[PDB]
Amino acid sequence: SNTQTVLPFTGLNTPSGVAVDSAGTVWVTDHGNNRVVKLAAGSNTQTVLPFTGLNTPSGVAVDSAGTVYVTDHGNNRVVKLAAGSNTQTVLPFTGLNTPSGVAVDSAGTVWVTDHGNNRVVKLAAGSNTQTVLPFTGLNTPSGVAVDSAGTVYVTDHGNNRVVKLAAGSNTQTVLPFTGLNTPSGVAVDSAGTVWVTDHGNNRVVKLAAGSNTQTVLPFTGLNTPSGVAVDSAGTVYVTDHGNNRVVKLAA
């Protein structure tokens, strides 16, 4: 499709992060309302998740078990909602400051953009070791994404660029996007195609793996868009933050 659809969420305020699973369920961090809301594919009833005590949450991610990870931005922590039990645990990250993006992989490693400290941190499952990734020169970074190969992508929002670290590489690469302004969210598919919310330009851009010319997706009427997600089917979901809505484009 070349025409977006608005998802039937209700009552969102400055939503930020968005996540999607292979069943088509969509999760949105309803940042201004201190809650996380999900919609099953084809449903008109949104569900408020049983998180508690959130303060202006930003990023959201979901693992294969159905556990939901949220960067509880205003409380400098990442919270985990266990599937079924609905037990809430604080991941033992330490020293976070206004964290933004979060990503999780099949092994249960969690990556967090520690926005206020200009760094990206990862935590292996059940571990007490957090690793600072050797990105350099970040400024107010926002989004993080991790592909199947283990490459980590970060929207270096304050520097108008997107940077990546290949697995087992000491050297970050700047992706060859053109014209970015205060980019926020990043998503990557299993083919290595990268989508970025170009937040200051009210648009979403994509870079194919094996390409230097970006495509601009045919969203319309976006206002300070932030979160972006992509599913296996190639549908792209965007939190249209300034319009209090989530929109999608099928491939």
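Residue numbers here begin at 1 and follow the sequence given.
Note on 135 to 143 vs 110 to 118: mean CA B-factor is higher in 135 to 143. When the mean C-alpha temperature factors of 16 to 24 and 236 to 244 are read from the deposited coordinates, 16 to 24 comes out higher. In the PDB entry, the Cα temperature factor peaks, among 99, 95, 92, 176, at 176. Taking the deposited Cα B-factors for 214, 34, 45, 226, the highest one is held by 214.
Ranked by C-alpha B-factor against the other modelled residues of its chain, residue 63 falls in the highest third. Ranked by Cα temperature factor within the chain, residue 154 sits in the lowest third according to the deposited record. Per-chain ranking of the deposited C-alpha B factor places residue 163 in the lowest third. Among the modelled residues of its chain, residue 50 has a C-alpha B-factor that falls in the lowest third according to the deposited record. Ranked against the other modelled residues of its chain, the C-alpha B-factor of residue 203 as given in the entry falls in the middle third.
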